[PDB]
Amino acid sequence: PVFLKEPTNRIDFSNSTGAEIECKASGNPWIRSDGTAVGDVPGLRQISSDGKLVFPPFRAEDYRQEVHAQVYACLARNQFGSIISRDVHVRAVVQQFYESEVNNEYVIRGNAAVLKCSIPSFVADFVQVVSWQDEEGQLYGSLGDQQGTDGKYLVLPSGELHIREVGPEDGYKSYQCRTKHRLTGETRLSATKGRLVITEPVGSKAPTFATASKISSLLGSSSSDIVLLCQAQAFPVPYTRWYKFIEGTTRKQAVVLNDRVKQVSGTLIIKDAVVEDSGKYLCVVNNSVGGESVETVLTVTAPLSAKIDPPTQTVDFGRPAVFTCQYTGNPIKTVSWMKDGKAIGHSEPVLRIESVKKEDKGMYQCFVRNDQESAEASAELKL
C-alpha cells in the first residue's frame, strides 16, 4: 500500500457547510489513532465504498464532540502489509454570531500608532482581518494584497493597521476593520470605529511600552511574512533598534536590514520567513531621557514532510537491511516507528536490523510529529 493522496491534519468546517475527505491508496491490489475502526454514526458522517469519509452539514444540537472533534486516521492494507496515514484532526464548528471592534489608541504626537482589530479569542482561529477603511469607506489598505512599507499607512501581515508619525490630521479620522470568516465566505465590518487620541507633548518622557511585560512569544510559518511589534511611546520621539540573541548564549547581534528583513518605524517585518529566523529578539528603544527593551521569542514552523530511503529492498536472514527516515520540518518533538500499523519500542531515525526472520517482513512506517501536525512515510521490505 501507498498513498499519493493523504488527508490533511486539520479539517475545519461549519455546521452548515459540511465536509469531505478522501484517502486514495495504491498497490498491485476508517480507523482511529485511539486504536479502533468504528463504523458510521447515522447522519453525523458516512464511509462510502468510494473511500471518502464524509461529514454532512448538521444542525448543531446534533453536534457530538466525540464525532465532530476527534483525531481520525486512514489505513490502507493489502496482501503484503498495512500502513497508517498521518493524524487527521476533524473540527466541526457551528456558525455563530460574532463581532469585531476597533478600540481607541492613545499616542503622543510624532510617534507611530498601531490600531488593532479586536476579535473574540474563541473565533480568532477562523476569523482574520481583510482590510482597514475610512469613515466613508475608503481603504487604508487591504491585507496581503501586494504592499509597500514606506507609506503613511501600512496594514501589517498580522492584520493590525500601522500609522507612521502621527499628527493632528490622523486624529480626525476613524478606523474600521473588515474581517473574514475563513470557513464561510462571510465578511463583516467591525461593530465600532476606533479613533486616535493624540496627546501634545509637554515635558519629556522616556520610552514606555503599551504593557509592562518585558517578554512575549509568537509563532510563524515559513514562506510567510512575520511581524514583530515593538509598541513604544515617548517624547522626544525615540529611535528603535532590533537585535537577535545568539542561540545558546546571552550576547546579541544587530538585526541586519535588507530587502527581506524590514523595519517600519519600531516594527520589524521578516519577509519570506525561514526556520533559521527563529530565536529570541530584543527591541531596544531610546531617546535623550532614557531607554527600554523588550524581548520576543520567535518560532518559525516548517511543514512536516517525511520520506524513507532505502524505500524498497530484498534481504534474507543473517544479512542487513536499513531504513533512514528523511524528514523536514519545525519543530520536531518526537520520532516514532511503526511496523504494519503497530507502534514499536524505539524512537530514533536509526533503528537496528540484525537477524531477520520473515516475521519481520511487512510495510514499515516512520512517524514525525509535533504539537500541531504529523508526517508519515511508508517503506517496504520484500523477501
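Numbers follow the displayed sequence, beginning with 1.
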| said: Zero if continuous, otherwise a range: how many residues of the deposited sequence are missing coordinates between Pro29 and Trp30 (none, 1 to 3, 4 to 9, 10 or more)? | reply: 4 to 9
| message | Averaging CA B factors per stretch from the PDB record, which one is higher: 56-64 or 341-349? | response | 341-349
| remark: When mean C-alpha B-factors in the record are compared for 147-155 and 237-245, the larger belongs to 147-155
| Hey, out of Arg178, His89, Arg77, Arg164, whose CA B-factor is highest in the deposited coordinates? | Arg77
| task | Just say lowest, middle or highest third for the CA B-factor of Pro310 relative to the other modelled residues in its chain. | result | highest
| task | Classify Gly279 as lowest, middle or highest third according to the C-alpha B-factor given in the PDB entry, relative to its own chain. | result | lowest
| query | Should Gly81 be placed in the lowest, middle or highest third of its chain by the C-alpha B factor in the entry? | reply | highest
